[PDB]
Amino acid sequence: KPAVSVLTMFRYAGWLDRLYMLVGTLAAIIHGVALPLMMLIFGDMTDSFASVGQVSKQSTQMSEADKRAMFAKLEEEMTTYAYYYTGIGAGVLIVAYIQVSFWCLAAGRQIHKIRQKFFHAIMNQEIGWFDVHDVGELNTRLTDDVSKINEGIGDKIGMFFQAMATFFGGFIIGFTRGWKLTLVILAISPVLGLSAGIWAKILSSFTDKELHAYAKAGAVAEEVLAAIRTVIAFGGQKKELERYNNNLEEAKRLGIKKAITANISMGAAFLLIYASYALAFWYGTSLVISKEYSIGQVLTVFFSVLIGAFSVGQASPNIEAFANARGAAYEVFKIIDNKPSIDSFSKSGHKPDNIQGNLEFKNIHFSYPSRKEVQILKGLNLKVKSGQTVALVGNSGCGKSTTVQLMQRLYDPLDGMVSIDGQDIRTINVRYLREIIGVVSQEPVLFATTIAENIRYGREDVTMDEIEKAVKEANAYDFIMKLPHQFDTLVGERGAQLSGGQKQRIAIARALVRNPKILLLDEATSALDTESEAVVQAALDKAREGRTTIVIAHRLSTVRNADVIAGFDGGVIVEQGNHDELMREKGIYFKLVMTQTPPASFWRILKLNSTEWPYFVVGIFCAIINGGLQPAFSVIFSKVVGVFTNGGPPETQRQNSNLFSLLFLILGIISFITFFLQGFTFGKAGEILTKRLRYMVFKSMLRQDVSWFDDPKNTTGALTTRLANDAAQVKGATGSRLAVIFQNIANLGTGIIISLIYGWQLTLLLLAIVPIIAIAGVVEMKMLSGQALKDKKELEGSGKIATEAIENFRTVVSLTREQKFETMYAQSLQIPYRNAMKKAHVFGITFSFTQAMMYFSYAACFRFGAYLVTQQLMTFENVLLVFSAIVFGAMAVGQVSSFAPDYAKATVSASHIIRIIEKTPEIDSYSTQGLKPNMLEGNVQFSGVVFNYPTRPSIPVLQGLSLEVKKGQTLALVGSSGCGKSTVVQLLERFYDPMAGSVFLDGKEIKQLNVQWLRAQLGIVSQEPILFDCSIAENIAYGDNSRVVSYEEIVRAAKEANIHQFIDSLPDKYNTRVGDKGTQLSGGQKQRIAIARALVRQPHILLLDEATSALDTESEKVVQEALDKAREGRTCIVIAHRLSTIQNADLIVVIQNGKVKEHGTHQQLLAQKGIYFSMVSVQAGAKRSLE
Amino acid sequence: XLXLXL
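Counting starts from 1 on each chain and follows the sequence as written, independent of the entry's numbering; residues without coordinates are not shown. Chain A is the first chain written and ligand 1 is the first ligand written, with later ones labelled in order. No hydrogens and no water enter the side-chain calculation; it runs on all heavy atoms of the structure. Residues with missing side-chain atoms are left out of burial classes, side-chain pairs and their counts.

Q: Hey, could you go over the sheet that holds strand β20 (residues 1155-1160) of chain A for me, with residue numbers and the actual values?
A: Hydrogen bonds between backbone groups are what pair the strands of a sheet, and the pairing can be parallel or antiparallel. Residues and elements named next belong to chain A. Two strands form a pair only when DSSP identifies at least two bridges running between them. Helix and strand definitions here come from DSSP, where helices need a minimum of 4 consecutive H or I residues and strands a minimum of 2 consecutive E residues; each element is numbered from the N-terminal end. Ordered by their spatial adjacency, 5 strands build an open sheet running β17-β18-β13-β19-β20, and the pairing between neighbours is mixed. Looking at strand neighbours, the two that pair on one side only are β17 (1101-1104) and β20, the edges of this open sheet. Strand-to-strand twist in this sheet, taken as the mean axis angle between neighbours without regard to direction, amounts to 20 degrees. Taken together, the 4 bridges between β17 and strand β18 (residues 1131-1134) define a ladder with parallel strand orientation. Each bridged residue has a counterpart across the sheet, and for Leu1104 the counterpart in β18 is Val1134. Note on definitions: a residue-residue contact is assigned when non-hydrogen atoms from the two residues lie within 4.5 Å. Every axis corresponds to a line fitted to the C-alpha atoms, with the helix fit spanning only the stretch in contact, and the corresponding angles, defined between N-to-C directions, vary from 0 to 180 degrees. Strands β13 (970-975), β17 and β18 of the sheet are contacted by helix α31 (residues 980-988), whose axis makes an angle of about 135 degrees with β13.

Q: Run through unusual backbone geometry, naming residues and quoting values.
A: All names here are of chain A. With a phi close to 55 degrees, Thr60 is a non-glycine residue in the positive phi region. Even without being a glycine, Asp421 presents a positive backbone phi close to 55 degrees. Take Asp421: it is sitting in the loop between β4 (415-420) and β5 (423-424). Using a relative accessible area of 39% as the deciding quantity, one classes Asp421 as partly exposed. Exposure is judged per residue with a 1.4 Å probe applied to protein chains only, and the accessible area is read against the type maximum: over 50% gives exposed, under 20% gives buried, and values in between give partly exposed.

Q: Break down the UniProt feature "binding site: ATP 2" in chain A for me, citing the residues and quoting the values.
A: All names here are of chain A. The positions that UniProt labels "binding site: ATP 2" are, in the present scheme, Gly975, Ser976, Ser977, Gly978, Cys979, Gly980, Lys981 and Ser982. Along the chain, the position of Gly980 falls in helix α31. Ignoring sequence-local partners within four residues, the contact set of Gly980 consists of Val957 and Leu958. Mapped onto the elements, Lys981 comes out in helix α31. UniProt positions are given in the numbering used here, feature names are shortened, and annotations may be inferred rather than shown by experiment.

Q: Requested: an account of the sheet that holds strand β9 (residues 564-569) of chain A, with residues and values cited.
A: All names here are of chain A. Spatially, the 6 strands line up as an open sheet ordered β6-β7-β8-β3-β9-β10, and their pairing is mixed. Edge positions in the open sheet fall to β6 (437-441) and β10 (572-577), since each of these has one partner strand only. Each strand axis lies, on average, 20 degrees off the axis of its neighbour in the sheet, ignoring direction.

Q: Before we move on, could you go through the pattern of salt bridges and cite the residues and values that matter?
A: In a structure, side chains of opposite charge can pair up when their charged atoms sit close to one another. All names here are of chain A. Any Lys or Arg side-chain nitrogen found within 4 Å of a carboxyl oxygen on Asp or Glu counts as a salt bridge. Under the counting rule described, the total for this entry stands at 31 salt bridges over all chains. Notably, a salt bridge pairs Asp924 with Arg703, separated by 2.9 Å at the nearest N-O pair. Linking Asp924 in the loop between α30 (900-918) and β11 (940-947) with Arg703 in helix α23 (residues 653-703), this pair joins segments that are 221 residues apart in sequence. Of the charged contacts, one joins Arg1127 and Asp1124 as a salt bridge, the two residues approaching to 3.7 Å between their closest N and O atoms. The partly exposed category is assigned to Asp1124, whose relative accessible area is 33%. Residues participating in the shared-partner salt-bridge network are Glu137, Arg141 and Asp145.

Q: Give me the UniProt feature "domain: ABC transmembrane type-1" in chain A: which residues, what numbers.
A: Residue and element names in this part refer to chain A. In this numbering, the UniProt entry assigns the feature "domain: ABC transmembrane type-1" to residues 21-324 and 616-905. Its end C-alpha atoms 20 Å apart, residues 21-324 is made of 91% helix and 0% strand. Across residues 616-905, helical content stands at 88% and strand content at 0%; the span's end C-alpha atoms are separated by 22 Å.

Q: Give me the lowdown on the pairing of β4 of chain A, citing residues and values where you can.
A: All names here are of chain A. When strand β1 (residues 359-365) meets β4, the two strands line up antiparallel, connected through 5 bridges. Looking at β4, one finds that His365 is bridged to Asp415. In this structure, β4 lies alongside β5, joined through 2 bridges in antiparallel fashion. From the neighbouring strand, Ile420 faces β5, where its bridge partner is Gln423. In textbook terms, the turn of a hairpin is the stretch between consecutive antiparallel strands, and for β4 and β5 this stretch comprises 2 residues, one of which, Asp421, has a positive phi near 55 degrees.

Have a look at this one:
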């Protein structure tokens, strides 16, 4: 939104820059004017052939006589015109080069300055300014915004003015050659505008409906895949697949409607374009027959005006480019124009000599820029005598640090003053102040360069001797000398990660080189290991004794030796004095003391589309007829101007131009039939396979087992996305693109056949020229990307040293040496700067060469078109035909290059979609194999089972687990913690086969048993039951598939589950919707519904997994009552966490580390003393506490 | 070349 003043933006342009811009925009305007002058001559050429074309056919008597005057006229005229063209070529070459080169130059020269000034401005900001801003956004703002600005002040302007120049230059010739046709065109101009609007409105409609349309299927797919274990357990896969297939079925219908309308519209638009232009040209001829206009003039104004007309559209994008740049520049120039209060880049204020270092803090009130929300320091008074060392203590709020924060003048205080020596801190120079003060901070930071350099960031002028004495005086010499490379060893975030204490020591050395009069140590000893703490503490103690010091930490080991200790309460200074005094005071200090003591490319995807033999041949035959229909307009436009040029006696002309102009339209309407067809056939073809793919993918996705669904690689979202995208992407490749390609190769094919069979060696000549300028076009774009990629790599290094500077900034301000990062940033910038100078040089040559080649090509066109060919009996009407045909054929071939990435993307997307289908599981539910035992009564034999979850084959859940439970008795399962209890239920469901061991039910191994039938006998009830959106009767009826469950049956199940109180209470009753779409319920109801769902199946084995887990008060009572009523008639396994409710169980089993530890009935496990007794005794304590 | 065929 926000822009900047146009003059302010260019403030860094002066002298040569403004000159470059002037000469550049001048040359650009010339370059612009150049083109419409080309079409002006094109009319004159037509007149030359027209004069002769008429006289030649008017004779019908003498032959040789026509070999003299005509050829002479053509000689002089064609020579003149060719000379002119050759003239224009050099012009466009020069002006193009000048334009692009100059503007790119100016751009670079400015952006350099912008960058430097901007970074300086960043470094010059006071910390209070950083506290209120995000540094990441700011660095990214730098790197991105400056680029935006560069895009804005670049050659785009030249293109804009050139475009405006073609616009004016076009309409000027357009008007001056004649007024009528222009006005006649400017009427169909809106008519064209209306059709584009309609087409936009139609695109906006289906976007929204499409999102709504698939979201119907995508919603089903998401609740299913999220419910995967419940649909697997209850084996409703077929149903879910059915639903998904239905939603797809709808989607495809909406899709074919989409296609139909879209195609109709496109066809209509094409028709209106055909009609309008054909109509304009007809009016043209109608004006030529009156002898009011020349046949060539019509062309001149027509082409000049249309050129000028499209110039606007082609111009518009550069506007937005400059407009955004002003906006990007706003927030950029905002920092540069911002003058702070503190500066520190200023040379000002006293730089005192012989500082004795007497500090005082007088009545200081302060708050950080969270402002009024919190005021941390309410008043203050403090003094620290010269040479002394004061230690600040406090419970919380870190009002301690604030003094260190103020003593550097990182902030000015709200009220009060901090005074070093006698003078106010604000009078003395900021830098000098930062220089006379040394600082050691809790988390030390080391910039990435040799250790010497890090010690050199203390002072720019230093020798390795001073470094040595510095580190040795910090006792860091040993540890670093043992390190390889000596002082040349690397440090940083990347590489050579060292001990905190060592880094701290290096920081103390760095600080020590500063030879500061004032030392500030904030929790440097804290947040460090106890062993190295003394090592660093020695250094810290040796860092003093030359200086006055304020220290802050949580370590009261280091405070005792201090001359004065100062406690704070609520920002208020209270206790001050020597240790013994503070201990005699028995205040806060004493209090704290006592307190602290897979690629591929293949067509099997197409072989899937081979389901439809038709719907393709139709589209391609249609699209090839379209491809054959396309050049036919060229052939007409050739002969309309051609016969008119070749007319001879005029009487016959006016009758023919009406026959052509008719036909001219006739190819139009017939185009409506074909274009809609090929669009509809490919469209409908697209929407059906989209059903088959998403159907086969989804289906095979329900085939995969739980082992695959636990994968961190595959989650519900990722699966839905992979499901949607691939199917959506394969449609694009198999869709319109292919049709268009066939249409275009057909187009160029018929075109080149016509052009070739008409022109002899004319076409052969052109086919030599056209590819070269095409390839020359492609090689340019390659260099552009090359220079682009290289430039990105060079500024990345400069942005990397920027990020290092502004991320650690609060450190760099303390050490000063910002000018260092300034210089390094500059030098880092210097290389891209020279690169940007070369860029202009190259961008020009490449551009101009591509302009000149096209213009020079246009010269050889009519020069060979005339002379050798026209001195022969070959004619102008054929030349005009060949050029149209060929060049348009090429411009059709362009769409081939344009459509290239679609297939690649679609192939990468088609790669997965086949693999996902072809993937088979270890356990597939679809196999009709398996025993299907005839005997009802169940048992469960777990024997020597070992299990590790495929996702985490590290910590084994089960090791040699063995259980037995007879029929019609409850198996209670207690455990320390983990899924070891649940893995039983998971394995009995056979979501996994165990690594070793086996499990039987009727005495038959479930592994060789049918999977479905196995799962069909199971009554699974989990913690938080998921209910799909549908009637609660349908949720309950989900308990049994392959058969529809009776109403009285689900009633019985609901009566058994004691949910009937709810179901009869509702207005809809059993038909009520649940699942959050139509209604909301609490846990109790959902669970009882899960119970109903469980026992409507009439399972021989109930499985209750922590059923009461999320639940409270009477809900647990009623649900437990239901569950209790549910069992005792069936085999079941209850892992529930309430042991008081397990107190009645046939067999209790304690599991330990995968091995069954304790076993037997309650009173037995109670008789024994061990884990279970502890399990029951510990959770009784909570009850006793609650009582 | 503009849009019909030239």
